[PDB]
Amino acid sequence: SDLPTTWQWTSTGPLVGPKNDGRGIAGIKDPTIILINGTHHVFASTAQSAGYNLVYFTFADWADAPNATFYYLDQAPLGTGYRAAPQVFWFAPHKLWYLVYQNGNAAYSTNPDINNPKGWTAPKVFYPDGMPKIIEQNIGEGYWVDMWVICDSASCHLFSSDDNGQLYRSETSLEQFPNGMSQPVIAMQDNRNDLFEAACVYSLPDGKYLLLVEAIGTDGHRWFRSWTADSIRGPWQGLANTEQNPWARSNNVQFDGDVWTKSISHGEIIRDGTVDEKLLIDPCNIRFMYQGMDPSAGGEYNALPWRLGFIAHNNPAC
């Protein structure tokens, strides 16, 4: 509607990477990002071969991202252990910020003040009885990953992937959230590489919804596919979801300076304005914080040199 069926982008250079601070982190990854009156708030995965946890950092101008201080959330009650792939939003019924992420289950922490990285609660889980049978049945050799909540004015939905080609969806009422999530349905299914992980589900000003999912291309590089729908529940119609017409991929991203990555991987659209549980974006002014890496690098996945930049949407349709 106010979305083009073809997409073009401009990318920054790699702005955010690990600090030389003794933690040994290899990759900074999987950002969630919101913008409040000039100030960006970011949460990201820390990745290395010993494990994953979470970091917070903030900055106004993008040029200040590289020197932004890292506030590691293992200093909060959120703590040490496995945590990855965060999502932040204000949950207006509770007047608390939620941070959704994975820990082997689907988890959340809350905090009344986004500026306090020490304030994030120890995790609670959306599935207190463990991994749903449907996921156990279909996961194969995959991993349960990349949790995402979006609500409308009646219901809150929790999406997740299995790195095996399923996208799962559970729901509960707005009034019960975070409790009472249903056993998931398979919301969408494809071969592994075509519907792999890193979903985002957004609302649009015209009342429709946008689904982005990360995929692994025939060249082995990460890219994003897209769909729209009239309902969070689907059905989903292709938007830009092929290699020749991608949402974001090496063939529709132009670099300012060097071409520092071929993969366009796990990211989020910068949500400004309301930063609440409706996950509204402005289709006229899309910017996407994403992860990339030197396309010549290899080795163990967990020690890959992931860095964060942004792509800015060049051909807005409004």
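So that there is no doubt, residue numbering starts at 1 and follows the sequence shown.
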Next on the checklist: Please compare 162 to 170 with 136 to 144 and say which has the higher mean C-alpha temperature factor in the record.
Outcome noted: 136 to 144
Checklist outcome for this item: Comparing 146 to 154 with 96 to 104, the higher average Cα temperature factor in the PDB entry belongs to 146 to 154
Checklist entry - Per the entry, which of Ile264, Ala65, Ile34, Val259 tops the list for Cα B factor? => result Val259
Item to check | From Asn111, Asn193, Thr80, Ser226, residue of greatest CA B-factor | outcome: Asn193
Checklist entry - Among the chain's modelled residues, which third holds the C-alpha B-factor of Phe177? => result middle
Checklist entry - If you rank every modelled residue in this chain by C-alpha B factor, which third holds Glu277: lowest, middle or highest? => result middle
Checklist entry - Can you tell me which third, lowest, middle or highest, the CA B-factor of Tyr127 falls into for its chain? => result lowest
Checklist entry - Is the Cα B-factor recorded for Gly217 in the lowest, middle or highest third of its chain? => result highest
Item to check | Chain-relative CA temperature factor third for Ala297 | outcome: highest
